[PDB]
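> Pasting in a structure now, in C-alpha cells, and then I'll have a few things to ask.
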Amino acid sequence: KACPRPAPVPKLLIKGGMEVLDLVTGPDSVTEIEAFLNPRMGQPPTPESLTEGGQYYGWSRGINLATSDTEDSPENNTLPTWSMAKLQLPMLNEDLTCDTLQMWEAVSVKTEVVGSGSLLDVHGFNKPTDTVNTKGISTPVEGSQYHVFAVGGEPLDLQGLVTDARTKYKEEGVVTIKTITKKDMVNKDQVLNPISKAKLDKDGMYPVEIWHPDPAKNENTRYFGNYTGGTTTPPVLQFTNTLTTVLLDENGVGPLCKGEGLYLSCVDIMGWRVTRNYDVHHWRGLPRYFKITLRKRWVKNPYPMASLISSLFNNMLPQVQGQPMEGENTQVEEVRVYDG
Amino acid sequence: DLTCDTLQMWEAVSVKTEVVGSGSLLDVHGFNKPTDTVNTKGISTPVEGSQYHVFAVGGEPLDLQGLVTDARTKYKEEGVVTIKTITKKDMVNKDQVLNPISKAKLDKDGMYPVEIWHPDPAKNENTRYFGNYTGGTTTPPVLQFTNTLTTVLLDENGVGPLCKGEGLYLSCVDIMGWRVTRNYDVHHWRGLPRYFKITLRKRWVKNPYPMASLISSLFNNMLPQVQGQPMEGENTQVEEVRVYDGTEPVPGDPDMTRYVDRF
Amino acid sequence: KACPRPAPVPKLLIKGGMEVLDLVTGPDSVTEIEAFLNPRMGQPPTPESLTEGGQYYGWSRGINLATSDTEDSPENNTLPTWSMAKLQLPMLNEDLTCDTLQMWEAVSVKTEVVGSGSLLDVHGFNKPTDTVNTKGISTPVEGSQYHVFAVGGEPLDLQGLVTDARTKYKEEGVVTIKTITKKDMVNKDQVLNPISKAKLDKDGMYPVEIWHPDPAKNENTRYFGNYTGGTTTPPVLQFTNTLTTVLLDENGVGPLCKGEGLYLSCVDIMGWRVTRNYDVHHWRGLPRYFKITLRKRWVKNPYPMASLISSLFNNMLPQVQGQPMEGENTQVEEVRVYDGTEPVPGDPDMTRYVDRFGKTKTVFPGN
C-alpha cells in the first residue's frame, strides 16, 4: 500500500536439522546444509581421556623413520587419512508419463578451514627456538601442508600413487594398494598404474600419502586441492564468510546426487610439530566446514522401466545353486510350445 | 575430398591437464637424510629443489632448441640425443646462449634431456606449450589439484592445433625436486605423471596434399639424381632472380634502394 | 560446386628473411618479425675456443671485491650490460598533396626468455651443497635477478644512478656517467641527476649497474621490467607461446618507428654461479626472443616541407662573416613594419607593439 515495503528476499520456509528435509517443500526451493569434517588423521577419537590417549586427537601419533632402505613400516596411527561423510537426502517426485525424474543438484558451496588462530599457541613443550639453552618460543606448526576438499553426488574416485613401493603398510585397519588389487605393489604404482584405483568409501582409512583424487573419464564430483611441500614452510590460511564456490559444470548441471546421498570429502594437513626430545613429528590437521546449496532438477530417466524392474528383482532375490538345469548336464528333458 | 580444395581434419579446441600424485610427497618415513642430522633423528626430509613443469599439445611434434649451461660437458653419445647427435660436430660456445643451428624435434621419447632441449619459439607453430620453472636448492614444491577449469588452445584466429598427418602430440616434463639419501648426499629427481584431456572437433580446411607433388615425382623418379654445381645453399651460383608480373610506367632507378641507411 | 567453404584467416604473402620486406604489399599488410637477443654480460663472444676463453660466454667473467673503501675498480668483463638491436625496415609511401605519410607502427610483441630449463644442470664443478665434505649437488644458479625488455621506434632513453659514486670504472670499452658528462661523478649521480642521461646507441657497452630505463617526459618505446634482489633467491620463469603484450598507447598508437628502424633492448640476469676454489659469483644471462607485429599507419607530417627544403638549399650558399647584426652587440637600431594605412597619428615618435596576442599602442609614456 502507501506503507513502505522492504526489498524481497528468498522466503525462509523451515529451519532446523536434517529432519527439516521431510517437509514437502515444492519444485523451486533451495536447501542449504551446514556440516563439518574433523581431521581424522592418525589418532582415532575413541580414547576420550586426556591421559591414556595423551589426546593427540587431531594430531598423528609420531613419525618414526625407517631402519634400512628395504625395511619401512608406516604404523597406521601415524598416517593421515581422508575424511569423508555422506548426507542422506529424501526421495523426490517423478513423472512416468514422460519418464522424467527429480534429483538433488549441489549448486554451490562455502568452505572454510576452522581454527587457524589455534596455531598461535606458542607456549607448550615443543622444540624451542633457542635450543642451546632451551629458551624462547616453542616452534609452532610448520611444514608440508595439503588442503583438498571435494563435493560430489557419489563417492570420490581416487587413484593409488606412492613414493618408494617397498613400503610395507600394515595389512589390516588401513586401505593400501595391496588391499584393493590383492597382489603386492609394483614399480608402476610409483608413477601411475591405471589398475590401482579405488573409491573413497569408508572414512579415515585411505591414507592421503597413497590415494589421490583421480581424474576419471566422466565424473560427478568437484574436487579442489593444493599442496605446499618443504620442511619449515610457514602455514598460510584464509577465512571469510562471503565468497562461495560454484559447482556448476560447463553445461550448468553440477553434481547430481546418485542414490540420494551427497558426499563430502576433505583433508587439511597444516604441518607437523616437534617435541623437546628425539624430534618426533606429530602431524596437525584442522576441521573443514562445508555449506552446500542444492536444488531440485528435472532429469530424464535413461533406462527402460522393465530393465530396472528385472534388476530390482535380481538384487532382492538370493543368488542360488540348485541342480544343473542348463548347460551340458541339463536335467530339463523336453520343452514344448503351443499356440492353439 | 581430393577433388575440391576443401578437406576436413581434427582440431584441438581445449585441454584439461593435471599433475597427479602431489600428496605422495608427504611420505616422510623412509631412508632419506633426516631433518635433525646431529643425532640422525626427526623426519626423512621431503622432496625439494629446482622444479620444472612444462606441457605441450600440438598437431606436430614439439620443436626444440639447444642451450646448455656448460658447452664442455661430455654427454654419452649412445642412448641420448644431444646437440652433437644432430649437428654432428662438437658443441660451440654459441650453445651456452641461443644458437639458431641447434634445433630439433621431439621424435623420440625419454631421449631428449631437459638440461639441453627447450621448447623452441619457431615463427610458424602448430603447438601450444605452457611451462614454469622454479630454481633453488631447498625450494618447497607447490601444486594445485582441480577438475574445474580448462585451457583454451584456440589461436588468435580461433583455430587451435590442427592435427596434421592425423596424430595428436602430447609432451610434458614434471620435475618436483630431488631427494637426498642418508649417505654421500646423492640427490635424484622425482617426477609426477601428468594427465591430459583434450577436446577435439572437426574443421574444414584447404587441401594440404598437393597432387602436383605426386604428378611431379612421377617425372623426377624417371630421371637420375645428379648434384652438379651448387645452385642452392651457401655457395649458390645463382646471381640474381627477379619476377615480372604486370605492366608499370617506366621507373627511374628500377633497383631503387629501399632502406634509408644505404644512403 | 558446393564443396563446403573453410573459415577465413589472414592470407600469408611471403615469408623468409628480412629481404621478404622488399615486396611492396599495400596499406593493410601486417608484418611479424621474429628475432632474439643474446645475453651480453661480461665475457665477449669473440674467443670462440673453449679453452682460451674458458667459455664463460653467456656468463660474467668473475667478481673480485674492493680491497678498500676508497679504491674500487670493476673490470669490464665483470659488469653485465644492456643488449640492443635495430631492425631496419623499408621505406613507405608519402603524400605531398595532403602532407601525410605512413610509418611502421609496432602493434604488439610476444617475448620470452628462452633457456630456463638449462639451469637444471646440477652436475658440474661448482660449490657443492654439503661443503664440509665437498659432496652432494653442485649448487645451481641463484641470486639477484633482473629482467628488462623494451620495444620502441628510437633508442632507449636511459638515466644514470649508481650505488657508489666513488667507483673507478675503466675509461675504455664501457659507457659510464663520466663518459656522458665528462666530469667525474658527484653525489647527485648517486640519487637522481637530470644531467646524466644517455641513449642506447651501443650494444653490450652500458652496464646495468649504472644505466636504467628513464621515464622521460615523452617516450616512443614501451619498456617492462622486474628486479628481485637477495643472495639466495631462487630464479623463477614462465614460458608460453600464447601470451602477448599490446604495445598500443592510451590513444591506441604504439611505437612509431621514426627513421624506419625498430629498436629492441633487453637484459636478463638470472643470478650468479659460485665456483669452488674461491668465492666467485659469475653473472649469468639467458637469451630473449622477441616477436613484433607491426602495421602501416598514416600520420600527419609534423614539419613543413618548405622549411626543410629552404634550409637545405640555404646551407649550400657561401656563409660569410662581416659585422654583428644580431645578438648582444647588434648593430641594427630599427625595425618598422607598416602594413595598412591609417590617419595621421599624434606623437610621431610613437611606438607600437604586439603582445602575445595582439597589437597595442605602447602605453602613453606619461606614466
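Virtual Cβ from ideal backbone geometry, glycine too; neighbours counted across all protein chains shown. Every read-out reported here was derived from the displayed coordinates using simple, explicitly stated rules and does not represent laboratory data.
> Which one is nearest to the chain's Cα centre (by Cα), of the residues in segment A:285-327 that are surrounded by 10 or more Cβ atoms within 10 Å (Cβ to Cβ) and among the small types (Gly, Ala, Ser)?
Only one residue fits best here, namely A:285.
> Which residues, taken from segment B:93-126, are under 30 Å from residue B:159 (Cα atoms) and of a type in the set (D, E, K, R)?
Passing the criteria: B:103, B:105, B:107, B:108, B:109, B:120, B:123, B:125.
> Can you name the residue in segment A:218-232 that is more than 7 Å from chain B (Cβ to nearest Cβ) and more than 12 Å from residue B:146 (Cα to Cα) and is also nearest to the chain's Cα centre (by Cα) among such residues?
Residues of segment A:218-232 that are more than 7 Å from chain B (Cβ to nearest Cβ), as a first pass: A:218, A:220-221, A:232.
From what's left, more than 12 Å from residue B:146 (Cα to Cα): A:218, A:220, A:232.
Details: A:218: 18, A:220: 14, A:232: 28 Å.
Ranking the qualifying residues of segment A:218-232, first place goes to A:220.
> Conditions: (1) within 14 Å of chain A (Cβ to nearest Cβ); (2) more than 21 Å from residue B:49 (Cα to Cα); (3) among the polar types (S, T, N, Q); (4) out of contact with any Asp or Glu (no Cβ under 9 Å at 6 or more places or on another chain). Residue B:134 meets all but one. Number of the miss?
Every listed condition holds for residue B:134 apart from (2).
> Out of the residues in segment A:190-199 meeting the condition of being more than 13 Å from chain B (Cβ to nearest Cβ) and hydrophobic (A, V, I, L, M, F, W, C), tell me which one is nearest to residue A:74 (Cα to Cα).
Taking segment A:190-199 and keeping what is more than 13 Å from chain B (Cβ to nearest Cβ), we get A:195, A:198-199.
Filter again for hydrophobic (A, V, I, L, M, F, W, C), leaving A:195, A:198.
On the way: A:195: 23, A:198: 21 Å.
If we take residues in segment A:190-199 being more than 13 Å from chain B (Cβ to nearest Cβ) and hydrophobic (A, V, I, L, M, F, W, C), then A:198 is nearest to residue A:74 (Cα to Cα).
> Answer yes or no: is there a residue in segment A:207-218 that is polar (S, T, N, Q) and either out of contact with any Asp or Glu (no Cβ under 8 Å at 6 or more places or on another chain) or in contact (Cβ under 8 Å) with a residue 40 or more places away in the chain (or both).
Here is the first cut: in segment A:207-218, the residues polar (S, T, N, Q) are A:218.
Remaining after also requiring either out of contact with any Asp or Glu (no Cβ under 8 Å at 6 or more places or on another chain) or in contact (Cβ under 8 Å) with a residue 40 or more places away in the chain (or both): A:218.
Yes, segment A:207-218 contains a residue that is polar (S, T, N, Q) and either out of contact with any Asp or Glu (no Cβ under 8 Å at 6 or more places or on another chain) or in contact (Cβ under 8 Å) with a residue 40 or more places away in the chain (or both).
> If we keep just the residues of segment C:110-129 that are in a loop (DSSP other than H, G, I, E, B) and of a type in the set (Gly, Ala, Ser), which is farthest from the other protein chains (Cβ to nearest Cβ)? Steps first, please.
First, the residues of segment C:110-129 that are in a loop (DSSP other than H, G, I, E, B): C:114-116, C:121-127.
Filter once more, keeping what is of a type in the set (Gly, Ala, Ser): C:115-116, C:124.
On the way: C:115: 4, C:116: 4, C:124: 6 Å.
Top of the filtered list is C:124.
> How about segment C:29-45: which of its residues are at the interface with chain B (Cβ under 9 Å from one of its Cβ atoms) and more than 19 Å from the chain's Cα centre (by Cα)?
Residues satisfying the conditions are C:32, C:45.
> Also: Only one of C:175, C:132, C:107, C:186 is assigned to a loop (DSSP other than H, G, I, E, B) and buried (at least 20 other Cβ atoms within 10 Å of the Cβ). Can you tell me which?
Numbers: C:132 fails: buried (at least 20 other Cβ atoms within 10 Å of the Cβ); C:107 fails: assigned to a loop (DSSP other than H, G, I, E, B); C:186 fails: buried (at least 20 other Cβ atoms within 10 Å of the Cβ).
None of the other options fit; the residue is C:175.
> Sort out which residues of segment B:95-109 are of a type in the set (A, V, I, L, M, F, W, C) and more than 9 Å from chain C (Cβ to nearest Cβ), and write them in order of number. Talk me through it step by step, then tell me what you get.
Pass one, segment B:95-109, residues of a type in the set (A, V, I, L, M, F, W, C): B:97-98, B:101, B:104, B:106.
Scanning segment B:95-109 gives B:101, B:104, B:106.
> Now a separate question. Mind checking whether some residue in segment A:206-216 is of a type outside the set (A, V, I, L, M, F, W, C) and over 28 Å from residue B:134 (Cβ atoms)?
Start the filter on segment A:206-216 by keeping residues that are of a type outside the set (A, V, I, L, M, F, W, C), which leaves A:206-207, A:209, A:212-215.
Right, trim to over 28 Å from residue B:134 (Cβ atoms) and you get A:206.
Within segment A:206-216, one or more residues are of a type outside the set (A, V, I, L, M, F, W, C) and over 28 Å from residue B:134 (Cβ atoms).
> Follow-up. Only one of these conditions is not met by residue B:3: (1) within 13 Å of chain C (Cβ to nearest Cβ); (2) over 30 Å from residue B:211 (Cβ atoms). Which number is it?
(2)
> Then there's this: Output yes when any residue across segment B:46-65 is within 14 Å of chain A (Cβ to nearest Cβ) and of a type in the set (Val, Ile, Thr), and no when none is. If you could, list the steps in order and put the result at the bottom.
Initially, segment B:46-65 is screened for residues within 14 Å of chain A (Cβ to nearest Cβ), giving B:46-51, B:53.
When the remaining residues are screened for being of a type in the set (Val, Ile, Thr), the result is B:47.
Checked against the condition, which is being within 14 Å of chain A (Cβ to nearest Cβ) and of a type in the set (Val, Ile, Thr), segment B:46-65 yields at least one hit.
> Also: Tell me which residues, restricted to segment B:144-161, are more than 14 Å from chain A (Cβ to nearest Cβ) and either under 16 Å from residue A:212 (Cα atoms) or in contact (Cβ under 8 Å) with a residue 24 or more places away in the chain (or both).
Looking only at segment B:144-161, we keep the residues that are more than 14 Å from chain A (Cβ to nearest Cβ), and these are B:153-161.
Within segment B:144-161, B:153, B:154, B:159, B:160, B:161 meet the criteria.
> Can you tell me how many residues in segment C:66-94 are more than 14 Å from chain B (Cβ to nearest Cβ) and assigned to a loop (DSSP other than H, G, I, E, B)?
Of the residues in that region, 15 qualify.
> Of all strands (runs of 3 or more DSSP E) completely enclosed by segment C:256-367, which ones contain at least 1 residues that are free of Cβ contacts under 8 Å to residues at least 40 places away in the same chain? Steps first, please.
Numbers: elements: C:261-274, C:281-285, C:288-300, C:352-355, C:358-361.
Of the strands (runs of 3 or more DSSP E) lying wholly inside segment C:256-367, those with at least 1 residues that are free of Cβ contacts under 8 Å to residues at least 40 places away in the same chain span C:352-355, C:358-361.
> Okay, moving on. Just to be sure before I move on: is residue A:62 under 28 Å from the mean Cα position of the chain (by Cα) and not hydrophobic (A, V, I, L, M, F, W, C) in the structure I sent?
Values: under 28 Å from the mean Cα position of the chain (by Cα): yes; not hydrophobic (A, V, I, L, M, F, W, C): yes.
Yes; evaluated as a whole, the condition is true for this residue.
> Then there is this: Looking at (1) surrounded by 10 or more Cβ atoms within 10 Å (Cβ to Cβ); (2) under 30 Å from residue A:61 (Cβ atoms); (3) among the polar types (S, T, N, Q), which one does residue A:330 not meet, given that it meets all the others?
The failed condition is (2).
> On to the next question. Looking at segment C:233-284, which of the residues that are in contact with a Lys or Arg (Cβ under 6 Å, 6 or more places away or on another chain) and away from chain B (no Cβ under 13 Å) is surrounded by the fewest Cβ atoms within 10 Å (Cβ to Cβ)?
Top of the filtered list is C:276.
> Shifting gears a bit: Does residue C:194 fit the bill of being closer than 29 Å to residue B:129 by Cα and in a loop (DSSP other than H, G, I, E, B)?
Numbers: closer than 29 Å to residue B:129 by Cα: no; in a loop (DSSP other than H, G, I, E, B): yes.
Judged against the criteria, residue C:194 is not a match.
> Being under 26 Å from residue B:96 (Cα atoms) and not in a loop (DSSP other than H, G, I, E, B) is the requirement here; does residue C:50 meet it? Please lay out each step first, then the result.
Values: under 26 Å from residue B:96 (Cα atoms): yes; not in a loop (DSSP other than H, G, I, E, B): no.
No: the conditions fail for residue C:50.
> Given the structure, is residue C:8 part of a loop (DSSP other than H, G, I, E, B) and under 22 Å from residue C:173 (Cα atoms)?
In short, no.
> Moving to a separate point now. For residue A:208, state whether it is within 9 Å of chain B (Cβ to nearest Cβ) and closer than 29 Å to residue B:137 by Cα. Let's see the steps before the verdict.
On the way: within 9 Å of chain B (Cβ to nearest Cβ): yes; closer than 29 Å to residue B:137 by Cα: yes.
Yes; evaluated as a whole, the condition is true for this residue.
> Still on this structure: Is it the case, given these coordinates, that residue C:101 is over 30 Å from residue B:128 (Cα atoms) and outside any strand (DSSP E or B)? Give the steps one after another, and end with the answer.
Numbers: over 30 Å from residue B:128 (Cα atoms): yes; outside any strand (DSSP E or B): no.
Judged against the criteria, residue C:101 is not a match.
> Do we find that residue C:138 is of a type in the set (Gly, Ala, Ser) and within 30 Å of residue B:75 (Cα to Cα) in this structure? Lay out the reasoning, then the answer.
Values: of a type in the set (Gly, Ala, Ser): yes; within 30 Å of residue B:75 (Cα to Cα): yes.
Yes.
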